[PDB]
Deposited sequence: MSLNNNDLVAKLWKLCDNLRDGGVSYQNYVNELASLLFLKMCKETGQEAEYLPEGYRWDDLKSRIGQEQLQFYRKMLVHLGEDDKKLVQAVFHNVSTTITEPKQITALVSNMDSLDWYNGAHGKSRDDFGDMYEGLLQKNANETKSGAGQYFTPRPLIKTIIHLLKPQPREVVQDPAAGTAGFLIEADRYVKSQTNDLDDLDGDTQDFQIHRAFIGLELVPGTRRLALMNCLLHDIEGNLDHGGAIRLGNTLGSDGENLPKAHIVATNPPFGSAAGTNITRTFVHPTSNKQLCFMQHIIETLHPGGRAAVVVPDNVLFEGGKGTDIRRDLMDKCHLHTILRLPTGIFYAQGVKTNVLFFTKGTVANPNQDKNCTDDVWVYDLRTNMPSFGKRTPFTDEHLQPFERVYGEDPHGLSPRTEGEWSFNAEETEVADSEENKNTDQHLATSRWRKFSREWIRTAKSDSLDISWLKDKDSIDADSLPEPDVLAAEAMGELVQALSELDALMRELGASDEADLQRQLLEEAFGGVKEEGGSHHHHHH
């Protein structure tokens, strides 16, 4: 039915990927199984480390097809005969690298928004403190919200540019701010926004916001920047093909933006990037890119945002604050990150909505402890108990290990690089507070039952698709009977 039709659409990738109608189900079953094991929440018990859904899903292109082949072989040969019995003599018939990438991501988002809270924008620009002569970039301009605010901040510190010499004024008007938007419709609105804000940008490109793909040619043709404040798209984003090579090729749109942001920043540059929880915990290439970030950049602060502050809803978001290299050594290539400060402004927070609005008041505590230095070098000391932090349930995890009662309830805590490396296995999904009081492995299990049911039926349509010119004209003979009404 609905599930079978949904599985069918995916076979379109297999069809155009080199796969025959006879192996559709086989191809799908494999991927679905790996995907389900993850959804179960205990893939650690079924699949071997290094060969799980994230390891395949995060990769892209040929690098992905070859990994898939290597993974099919590794699974079909081992003593863990349990899983082995499912991948024994199993091999994919996919040849088109663009097709597998399209398939894995397609079902990854299978089932069983350019809005940013104003107070968040204000806060982000306030902590970045953009100065004149600094080029502020926005890879995902949208309606130019961050740029307009960055410009507003600069004007509020220079009497609307009047404290600066004409030449610097021209810089602020034509070169200080740059954006890039994929959707022409949105870019138009963004263009009108800057224009009425006296932000002319470069006439060669239409103005401050350029039209194009950050993950494409336009992305690398973009000029470097001193500052980057952006809220890239969530999910698998819109029609944005990753036709650009990165230090670590990925199928994760968000992790691609991160790689771009790390690249355009001048040495000593600084950025604030709004990201989803996935970016912090995703494995596979996700771990490589996160290690790359903490190598090439000095990630110093992580703000875990509440829920329901975005027009979306069930999206967990954060804000990473970091510097390209280090203030002392703007060109450092490695070990830039040492101590990472995290501020939990999510767990045990007032359910935000039109009733409970998210205001600047909710961000003042965090901005206080943060410091006045835009590079997060102002003196800091763990200890912040706002929004009833003391009445929040403390979680029992590595984060709170050997931690005293008072600190384990603080919304402001620091973690070392070695700790993140060891305990967290290089994951930035750091949390040490439990929120107040179905089931994954249970939902996944029942779900799998149905997929299996669907998969069988779907196979029949093939197994029983008696190849001949009979079904060709017999099927259209029914169409020869009109349709509808």
property	result
Gaps in the model (deposited sequence, numbered from 1)	1 to 5, 118 to 149, 475 to 481, 530 to 541
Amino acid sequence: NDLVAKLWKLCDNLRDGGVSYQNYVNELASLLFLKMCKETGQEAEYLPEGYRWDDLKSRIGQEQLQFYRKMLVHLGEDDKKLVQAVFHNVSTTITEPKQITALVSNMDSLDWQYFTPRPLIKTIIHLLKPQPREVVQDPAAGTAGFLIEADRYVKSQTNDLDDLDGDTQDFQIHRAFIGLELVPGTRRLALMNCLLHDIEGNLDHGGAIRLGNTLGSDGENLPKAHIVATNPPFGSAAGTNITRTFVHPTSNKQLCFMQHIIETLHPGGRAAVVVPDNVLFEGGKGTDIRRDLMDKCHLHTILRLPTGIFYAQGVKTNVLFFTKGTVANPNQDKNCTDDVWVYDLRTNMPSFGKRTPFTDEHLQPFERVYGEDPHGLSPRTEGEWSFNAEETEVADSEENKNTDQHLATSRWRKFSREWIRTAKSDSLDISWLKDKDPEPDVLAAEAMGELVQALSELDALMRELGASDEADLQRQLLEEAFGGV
From here on, numbers count along this sequence of modelled residues.
{"item": "Residue range whose averaged C-alpha B-factor is higher in the record, 270 to 278 or 212 to 220", "value": "212 to 220"}
{"item": "Which of 88 to 96 and 285 to 293 has higher mean CA B factor, as the PDB entry lists it", "value": "88 to 96"}
{"item": "Highest recorded Cα temperature factor - choice among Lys80, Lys155, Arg380, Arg133", "value": "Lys80"}
{"item": "C-alpha B-factor winner, where the candidates are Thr307, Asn193, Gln254, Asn402", "value": "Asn402"}
{"item": "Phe387 CA temperature factor, ranked by third within the chain", "value": "middle"}
{"item": "Third of chain Cα B-factors occupied by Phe171", "value": "lowest"}
{"item": "Chain third (lowest, middle, highest) by recorded CA B-factor, residue given as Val315", "value": "highest"}
{"item": "Relative C-alpha B-factor of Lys324, binned into the chain's lowest, middle or highest third", "value": "lowest"}
{"item": "Within-chain third of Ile227 by Cα B-factor, per the entry", "value": "lowest"}
